[PDB]
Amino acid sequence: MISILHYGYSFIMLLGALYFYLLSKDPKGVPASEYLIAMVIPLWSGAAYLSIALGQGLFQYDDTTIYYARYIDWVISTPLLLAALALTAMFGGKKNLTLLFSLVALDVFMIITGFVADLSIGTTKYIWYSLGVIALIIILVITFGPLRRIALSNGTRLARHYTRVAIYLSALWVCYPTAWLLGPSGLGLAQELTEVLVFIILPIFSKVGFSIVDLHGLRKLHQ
């Protein structure tokens, strides 16, 4: 079942990527860079999850299954999602690439702490987990603080769209470390199959859902 779920996921990612490509052909004032980002996220995630489906992107460690292909996915897909969110805030205004790369750095560090934590045991696991959560809190502070202020500097209509996609992505963000901690990688309260389903369903909303909401909202700003 776990294999089939991953095959299904990869197919949905492919469909998402194709939809964003078709959108890119009639771009409605959205720069090509934002369509490229929207396409790379699902294609990369799709490839990583295909490796799990084929039984390659996982291995046994501490008598538990480590789905290491998830970290290979997130270390690329999640910084790109934050870049998409940052470019939305900056839409129709001057870019702040310093703030964008601040978020990329925090996010890549966050995913790495997750991988190291998964490879760790006892207090060490929760030291790495904690550093990742601290990174996420700083990302959320940037998202609803200075990044939102950039969005507001680009007018009421843009800021309204940014706030919507910021809430959407932020809601999903907090789910990942919650599931991680509850599941076999952490406290082991939640069953492996439950965790597998969460990390199939959540990413459909993040890897495809977010960019549908994001691109449609930006496209609507076009006359």
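Residue positions are given as counts along the sequence shown, with the first one as 1.
In the comparison with other entries of the same protein, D63 is left without coordinates in at least one third of those covering both sides of it. Taking the PDB entry as given, 185-193 carries the higher mean Cα B factor of the two stretches 159-167 and 185-193. Look at the mean CA B-factor for 64-72 and for 42-50 in the entry; the higher one is 64-72. Of the candidates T78, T98, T88, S120, the PDB record gives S120 the highest C-alpha temperature factor.
Ranked against the other modelled residues of its chain, the C-alpha B-factor of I112 as given in the entry falls in the lowest third. For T178, the recorded CA B-factor ranks within the lowest third of the chain. Only modelled residues enter the ranking. Among the modelled residues of its chain, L36 has a C-alpha B-factor that falls in the lowest third, as given in the PDB entry. In the PDB entry, a CA B factor belonging to the highest third of its chain's modelled residues is recorded for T124.
When the modelled residues of the chain are ordered by their C-alpha B factor, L152 lands in the highest third.
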